[PDB]
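One structure below.
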Amino acid sequence: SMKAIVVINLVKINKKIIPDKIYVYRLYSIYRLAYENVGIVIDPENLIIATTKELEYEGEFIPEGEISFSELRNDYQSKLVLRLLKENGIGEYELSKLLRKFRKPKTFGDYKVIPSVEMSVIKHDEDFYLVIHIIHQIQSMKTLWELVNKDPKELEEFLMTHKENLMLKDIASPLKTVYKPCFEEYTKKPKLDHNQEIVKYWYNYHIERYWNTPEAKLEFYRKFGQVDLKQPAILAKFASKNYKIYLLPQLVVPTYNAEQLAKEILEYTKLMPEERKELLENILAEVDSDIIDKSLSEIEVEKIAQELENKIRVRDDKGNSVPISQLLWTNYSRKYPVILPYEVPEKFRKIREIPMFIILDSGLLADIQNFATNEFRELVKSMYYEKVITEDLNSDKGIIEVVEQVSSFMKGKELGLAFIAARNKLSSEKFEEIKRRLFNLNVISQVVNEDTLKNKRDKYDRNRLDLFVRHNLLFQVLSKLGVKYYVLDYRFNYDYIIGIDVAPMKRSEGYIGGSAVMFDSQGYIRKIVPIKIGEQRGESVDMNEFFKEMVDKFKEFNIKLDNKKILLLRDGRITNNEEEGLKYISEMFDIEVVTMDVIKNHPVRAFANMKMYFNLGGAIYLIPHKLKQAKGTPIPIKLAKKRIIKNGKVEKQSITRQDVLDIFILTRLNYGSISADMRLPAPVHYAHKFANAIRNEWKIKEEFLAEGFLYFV
């Protein structure tokens with residue numbers, strides 16, 4: 001509706017920081033060289049660096065003469081300023097220390113939460129601003145070897161389960177270098193080696209090279225103890241940035257980027273808008289430099305109308321239509337609400353019966369178990385516009401028994417449904433395993449955990465789940481079956497909106513390069529597809545082949561893209577290779593391709609909890625929704641470098657209010673997912689979920705995927 005002024009985590013930089021003279025040069029590393037000479041890297045390819053000091057290099061190089069700050073493209077101007085700020089004592093190291101004077105590290109169990117600041121420079125129009133963003137690292141205070149109780153057959157299990165986010169810090173090194181453990185390509189098997197020679201060698205290596213003194217040696221042995229030959233070596237690589245290094249679990253600790261991922265921890269890392277604001281002001285007061293302003297910048301933003309919140313609606317079997325946003329005599333019954341779909345996969349027309357499974361975690365108290373089955377019984381009834389299984393879902397043996405019992409009742413059946421009540425304690429892995437295995441049996445499942453069961457009860461009937469939750473449970477199940485249970489009072493100015501995800505994996509007669517999810521201009525998901533690709537030549541995915549297969553695959557699925565207008569999106573920035581690949585598919589098929597960078601991982605924060613969007617540095621930041629329950633500061637989606645591709649030609653465009661509206665709508669298609677945390681446009685979000693399921697061994701039922709069944713979500 002109206003505009004508003006909000007404080008953001010940027011502070012104006014004084015122009016007196018701009019360097020008088022810049023020196024261009026053409027040829028440890030080139031990045032470190034540029035850095036040591038108080039400069040940056042211009043052309044990573046042609047090894048072109050720009051320095052503000054007299055280049056000192058005992059190697060070959062040709063000075064490309066001097067240059068002025070005005071000639072550098074914006075990106076490099078900001079990068080050069082970032083480096084200059086560091087020279088005045090304003091860097092992540094210094095300011096992270098200042099932050100910890102106010103927000104101290106805190107330990108939970110064996111883990112320590114470490115606050116620090118991530119810094120960058122943004123050029124708004126003619127000015128430069130320093131972005132100071134508070135983040136957190138989660139570091140084990142126990143070595144990986146100690147964490148797994150020195151058991152080889154527990155260590156490998158650890159690596160596999162935390163594979164996606166686990167990093168390992170070599171605390172036995174003065175550089176505390178961080179690594180990423182290597183894995184058996186296309187698998188979850190970590191690359192380990194029980195060769196005692198490897199272990200002895202690298203263990204001794206640390207001592208010889210870093211603590212070669214009686215005193216340092218003593219401390220080393222006090223801290224890590226003698227070499228444990230029973231531990232295998234971990235093949236890994238640098239986390240920063242092809243080399244591969246060996247690590248000893250006895251000398252490394254697991255580390256995690258909090259923002260990239262328990263309960264008590266999660267809390268501590270979530271900072272309310274006012275807390276971040278204050279902490280930043282504290283750091284600013286402690287910074288004894290005039291090179292940057294002393295207060296945080298404010299910016300005028302555009303609010304988003306409450307009306308744009310009611311464009312998605314559902315209806316009952318009568319004639320009532322209400323938008324997703326939630327006395328009568330019948331309000332006493334446990335009957336679930338009635339939802340009348342706008343579209344139902346034609347598949348259900350033929351289907352005979354649909355077996356119904358109620359899976360109860362034996363760990364749940366009897367009364368919780370009874371509550372759940374009664375909730376599920378009513379959910380299935382409304383589901384229509386029974387086998388009860390009780391086992392120890394927190395044990396591998398219980399899960400195996402469930403699958404066996406269900407497979408036995410599903411033979412000769414086309415589709416089944418499983419409603420699962422489980423304790424909150426189950427690992428993410430066990431939940432995923434349960435769901436994937438049931439699906440191999442053509443059984444779609446819906447999980448309701450103990451937390452929802454105990455804390456979301458209707459105020460007027462404690463033996464009934466909340467009305468809000470009930471609607472969303474019904475929405476979730478319906479979406480898993482490809483049902484168009486809602487209608488969008490909006491039309492996208494595109495033929496199709498497509499989300500893609502690039503993640504190489506190998507499957508039985510497949511070798512898949514990624515996925516793609518398609519929605520029509522009406523806001524309905526229609527097709528979900530894997531993107532088969534041949535073996536890669538160079539260390540890079542051939543996007544021309546990728547997109548060509550995307551188009552051909554959709555055709556196999558009954559949708560021809562050539563001659564149409566589509567919005568194509570991915571998680572993050574559109575790479576040069578992806579643009580080429582898109583120019584390729586544009587000319588070859590006469591596809592008018594509109595695309596842009598959709599960035600969820602950036603450091604910019606607006607200290608207000610409300611829906612809005614604003615232009616900063618040429619990019620648009622959009623907060624799709626405010627935090628209604630959880631603690632924390634909203635994370636904006638960053639939109640930038642929009643472009644149009646016609647007949648193989650690229651024309652850089654400008655982001656419009658309409659574009660922000662589209663992204664906004666696409667972000668509101670969460671399909672019942674309680675606790676709206678989907679920070680990405682639905683097409684992209686689901687593409688990523690599908691790519692994940694394929695990498696996790698989920699069966700690929702093209703029959704279901706062709707009707708938009710989100711069964712893996």
Side-chain angles (χ1 to χ4, degrees), residues 6-19 31-32 34-36 38-40 52 77-106 112-124 127-139 167 169 175-178 239-240 255-260 268-299 601-607 616-617 621 632-633 635-636 638:
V6 309
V7 174
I8 51 168
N9 67 343
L10 280 63
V11 59
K12 191 184 174 189
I13 297 167
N14 193 106
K15 74 176 179 183
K16 72 174 185 173
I17 189 178
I18 298 177
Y31 279 106
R32 296 181 183 178
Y35 181 90
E36 299 188 306
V38 193
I40 48 71
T52 66
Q77 293 197 312
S78 294
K79 285 176 176 172
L80 185 53
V81 172
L82 180 57
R83 174 69 183 86
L84 287 174
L85 282 176
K86 185 79 173 67
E87 283 305 297
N88 290 74
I90 299 174
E92 292 180 350
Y93 172 67
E94 298 74 24
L95 277 65
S96 284
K97 289 168 61 176
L98 295 179
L99 168 67
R100 292 189 287 267
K101 283 190 170 187
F102 309 96
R103 190 59 165 172
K104 301 178 179 183
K106 189 166 181 172
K112 179 188 292 183
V113 176
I114 308 179
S116 78
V117 300
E118 182 172 279
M119 282 153 50
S120 66
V121 173
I122 295 184
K123 190 193 189 178
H124 185 32
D127 298 295
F128 292 92
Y129 296 85
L130 169 69
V131 182
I132 306 181
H133 175 50
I134 298 170
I135 54 172
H136 307 72
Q137 300 87 65
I138 298 170
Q139 184 182 306
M167 287 184 292
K169 175 187 272 57
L175 287 174
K176 282 64 181 62
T177 307
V178 180
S240 59
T255 327
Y256 302 101
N257 287 316
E259 282 68 40
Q260 178 189 302
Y268 199 68
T269 55
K270 300 303 292 169
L271 296 171
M272 297 291 267
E274 284 301 305
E275 308 180 303
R276 282 176 183 278
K277 184 180 182 299
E278 181 170 7
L279 292 176
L280 288 187
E281 295 177 335
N282 292 326
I283 294 167
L284 292 178
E286 217 52 62
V287 173
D288 202 61
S289 181
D290 71 299
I291 198 65
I292 61 178
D293 274 45
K294 53 181 180 181
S295 58
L296 298 169
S297 299
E298 319 194 310
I299 191 172
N601 296 314
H602 59 84
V604 176
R605 295 292 181 281
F607 301 139
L616 167 67
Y621 291 81
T633 298
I635 308 182
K638 181 181 178 185

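Any value given below was found using the heavy atoms of this structure, including those in side chains, with hydrogens, waters and symmetry copies removed. Residues take their numbers from the sequence shown, with the count starting at 1.
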For [range], which residue pairs pass the side chain to side chain donor-acceptor pair (under 3.5 Å) check, not counting sequence neighbours?
range            : value
residues 77-91   : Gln77-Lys123, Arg83-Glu87, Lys86-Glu94
residues 128-137 : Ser116-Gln137, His136-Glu259
residues 283-298 : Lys16-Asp290

Can you find a heavy atom in the side chain of [X] that is under 4.5 Å from one in the side chain of [Y]?
X      : Y      : answer
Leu296 : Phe607 : yes
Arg605 : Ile635 : yes
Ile135 : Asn257 : no
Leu10  : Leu616 : yes
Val131 : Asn9   : yes
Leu284 : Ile292 : yes
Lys638 : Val604 : no

Could you tell me which residues satisfy salt bridge (charged side-chain N to carboxylate O under 4.0 Å, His left out) with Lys106, sequence neighbours excluded, listed by chain and number? none
With sequence neighbours excluded, what pairs up with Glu36 under the salt bridge (charged side-chain N to carboxylate O under 4.0 Å, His left out) test? none
Rounded distance [0.5 Å steps], [atom1] in [X] versus [atom2] in [Y]:
X      : Y      : atom1 : atom2 : result
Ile283 : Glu278 : CD1   : CD    : 11.0 Å
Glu275 : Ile134 : CD    : CD1   : 9.5 Å
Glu92  : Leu82  : CD    : CG    : 7.5 Å
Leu271 : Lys277 : CG    : NZ    : 14.5 Å
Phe128 : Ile13  : CZ    : CD1   : 8.0 Å
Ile40  : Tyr35  : CD1   : OH    : 13.5 Å

Qualifying residue for side chain to side chain contact (heavy atoms under 4.5 Å, CB included) with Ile132, from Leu280, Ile90, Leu99: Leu280
Quick check: closest heavy atoms across [X] and [Y], and the distance to 0.1 Å?
X      : Y      : answer
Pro603 : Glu118 : CB-OE2, 3.6 Å
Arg276 : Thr269 : NH2-O, 4.1 Å
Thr52  : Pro19  : CG2-CB, 3.9 Å

For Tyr93, which residues count as a side-chain hydrogen bond (donor to acceptor under 3.5 Å, both in side chains) partner, sequence neighbours excluded? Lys97
Return yes if some donor-acceptor pair links the side-chain N/O of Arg100 with the main-chain N/O of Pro115 below 3.5 Å, else return no. yes
Would you confirm whether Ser96, through its side chain, and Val117, through its main-chain N or O, come within 3.5 Å as a donor-acceptor pair? yes
Within 45° of the six-membered ring axis of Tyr268 and under 6.0 Å from that ring's centre, is NZ or CZ of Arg103 located there? yes
